[PDB]
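The chain below stands alone, shown as structure tokens; this is the form deposited in one PDB entry.
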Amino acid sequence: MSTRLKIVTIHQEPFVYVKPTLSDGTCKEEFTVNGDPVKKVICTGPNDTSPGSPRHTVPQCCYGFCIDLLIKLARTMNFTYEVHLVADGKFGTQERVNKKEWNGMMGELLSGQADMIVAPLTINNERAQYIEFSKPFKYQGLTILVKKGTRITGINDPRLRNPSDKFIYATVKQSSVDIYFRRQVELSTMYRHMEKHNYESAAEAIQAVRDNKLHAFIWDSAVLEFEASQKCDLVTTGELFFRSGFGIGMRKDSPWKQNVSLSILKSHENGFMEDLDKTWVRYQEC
């Protein structure tokens, strides 16, 4: 028995912060900038971060923009949910197996493992052929994150348009940014360099730009522009090459698709989405 929605998510600060449960299996009482309590959910994701390894599922503490938004969509539409993290830690791309299959959250949604995707999931043509996206809950773009000192014009710096070994840049494997370079001819000389260095996770690449084991990171501006504000040693370069929005993922059969978009609009209109942004996304300076 159930009508309890399987919610797949990913770890992506400031959208979804994932932390351990306490010794009783409960979540730490944290309070916002305002002083209001941080809303927290339990998310049943794995522990072994290694690829091709046994996934041992363990309850964890999930909170962030996308959790507040999920709690909102839940209250509003009146539904119950269970949150779990994407078993392979990926967003979703379609790869050749003749037959093709989706990895990450996209794979999870389409396979039945999840009934909805509440994460910073970029809306694109590829995914939209297979899944239904909500009206966007965020509009951002792509930018380049570098260590303070690294000088780059933007996406058209000679160190990026003509690659080498002195300058190593990459993105997250099996994401929309991967698909973006993988489908564009003008960026063919970029993707062939980037596929040699792509990271399993955003956290890992942002770490590698801190370690100087990476020079530039092409990723989502809502995340990158945030990491720079949190970590003053890192900086974003150039304006925004390509603009994209985030949407709630569902299957094409899902009878919630209408009511999800009606809530996202209700929320934009009544300043609750600007409220979420003011709470999570836009804070700190360097």
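All residue numbers refer to positions in the sequence shown, first residue = 1. So that the term is clear: the rigid core is the largest set of C-alpha atoms that superpose within 1.5 Å between two forms.
There is another form of this protein, the form deposited in another entry, and it is not shown here; the text below is about that form.
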note = Of 126, 157, 204, 82, Cα shift of 2 Å or more between this form and the one not shown on rigid-core superposition seen only for 157
key: residue 213 C-alpha shift between this form and the one not shown of 2 Å or more, rigid core reference   = no
ask   = Core aligned, does the CA of residue 113 move at least 2 Å between this form and the one not shown?
value = no
inquiry  = Once you overlay the rigid core, does the Cα of residue 36 travel 2 Å or further between this form and the one not shown?
reply    = no
Cα separation of residue 185 and residue 171 in the other form versus here, shift of 3 Å or more = closer
inquiry  = Between the shown chain and the other structure, the Cα gap of residue 120 to residue 187 differs by 3 Å or more. Is it closer or farther in the other form?
reply    = farther
